[PDB]
Structures are given as C-alpha cells and as structure tokens.
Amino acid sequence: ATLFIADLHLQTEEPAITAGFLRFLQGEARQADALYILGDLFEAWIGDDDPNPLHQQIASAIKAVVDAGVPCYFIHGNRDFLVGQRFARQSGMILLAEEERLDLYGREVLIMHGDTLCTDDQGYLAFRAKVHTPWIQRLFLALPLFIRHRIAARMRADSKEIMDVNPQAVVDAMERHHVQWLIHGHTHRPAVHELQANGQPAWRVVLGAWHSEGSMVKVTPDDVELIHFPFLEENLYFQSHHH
C-alpha cells in the first residue's frame, strides 16, 4: 500500500501531534511501499539553516523510514514552501513538484497540496505567486535567521475558514493530467468527492489536518482508504459499568 498524509502543521507548541507522527513513522509507515507528504508538514518554515530541534528530530525519524526501505516524498505546502534540499538530504526525502502524476498499482493519480485549486481566493494566489518567485525567496533566505524569525512571527501574529477548492479548477487539473483520481490536502475537509473528468467518473480525495487525531489516505491495488487514527497508543483499561 502507498500512504499519503498532509496538514500535520508540526510545531514545538503541539508536542502531541509530533508524538503522533513519530508513532506513525515507527509503525504504519514501515509497512508501506512509499510515503507521500502532500505539504504543510510543518506549521512554519523560514529555511533549512533554522536550528529548531524539532526539525532535526523529524528529519531523523523520516530518515529511519527511508533507511528501512520505504521511499519518502514531499510536495510543498503553503506553510512550508521554503523546505529545501538541505532538509531533503537530512531526512532522506525526495522533493517533488507542485503537481505529480503517479502510477499506483495501475491507477493513475494526481497529487498536489491543493492550495492552487482554490482559485476563488485571488488575494491568496497573488501572495502565493510572490513568495514562489525565486528572487524573492533568495532575498528572504539571505536575511539573518533572527530577522527571518521575527518576520515570520509577526506574519503569523498578523494572520491570526479556509477557502475551498474551485470545482472547475479541479476538472481542469484532472483533465490536464488525464486522471480519474486526485489526492490533496490544504482544505482540511477530509472527504471523497465524485465528479466527471475526461468523460468518465472521477474522484477527489481530501486529507485531514492533524488536529485531535491523525489522518492518512492508503491506496492499495484494490481500493482507496481515508483512515483516521489516534496519535498515541490508546491503552485499553476497563471502565466498569452496570446493567
């Protein structure tokens, strides 16, 4: 089976999510044919030279999955678009493009973070175009780390419902790639949607954010599974009752 996750928004202020992801990497992920992380792995990223210990702890945990024979892939989210090749080398992850077409047991599948489908938020897409301009990224990354951390903290303070996808953008993307299956995150609305693309039924599968429980999509030769699971090993104890 091939696994997909997104929208973990890892951060040191939410250690339960981190513990949940570490348990996922040490368990389920080790049995997978591959693991794809479709963006927003981290709640923030200001560049690979950031010494935040969480980054090294996550890199090491992913690298153990890779070393165990499970290739791991990353598509950037809007929170962590600055993840670069230094982190890719540290974690053993392979960085992919913003859209990729996969062969999953014969099923052709488009994968993407999903924010580019949200074409009714023209303000967001304009800002997105700016922070994805290479010369702007290179200027930001050249700033001292403490300056980047101040900029990012102010921006997060200033930003504190997610616009959903545009149905026509979905059809356009799925016809550009000639697929009947699309997996994405970003909208934080885990679901399976049927539509029509390329003159045939098509499906859009949406990952959940890791808010109170984890979420993954598991693709097998036989089916597509949207799975919700607890972060920690929920230890069984017997609550007494009476009838």
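Residue numbers here begin at 1 and follow the sequence given.
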query	finding
No coordinates for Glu100 in a third or more of the other PDB entries	no
Across other compared entries, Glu161 missing in at least a third	yes
Between neighbours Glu161 and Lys160, residues that the deposited sequence lists but the model omits	4 to 9
Higher-B stretch (mean Cα B-factor, as the entry records it), 1-9 or 232-240	232-240
Mean C-alpha temperature factor, higher of 101-109 and 130-138	130-138
Residue of maximum C-alpha B factor among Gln85, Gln168, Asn78, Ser91, per deposited coordinates	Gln168
Which of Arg176, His188, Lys63, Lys218 ranks first by CA B-factor in the deposited coordinates	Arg176
For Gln200, the third of its chain into which the C-alpha B factor falls	highest
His55 - Cα temperature factor, lowest/middle/highest third of chain	lowest
Among modelled residues of the same chain, the CA temperature factor third for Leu95	lowest
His184 CA temperature factor, ranked by third within the chain	lowest
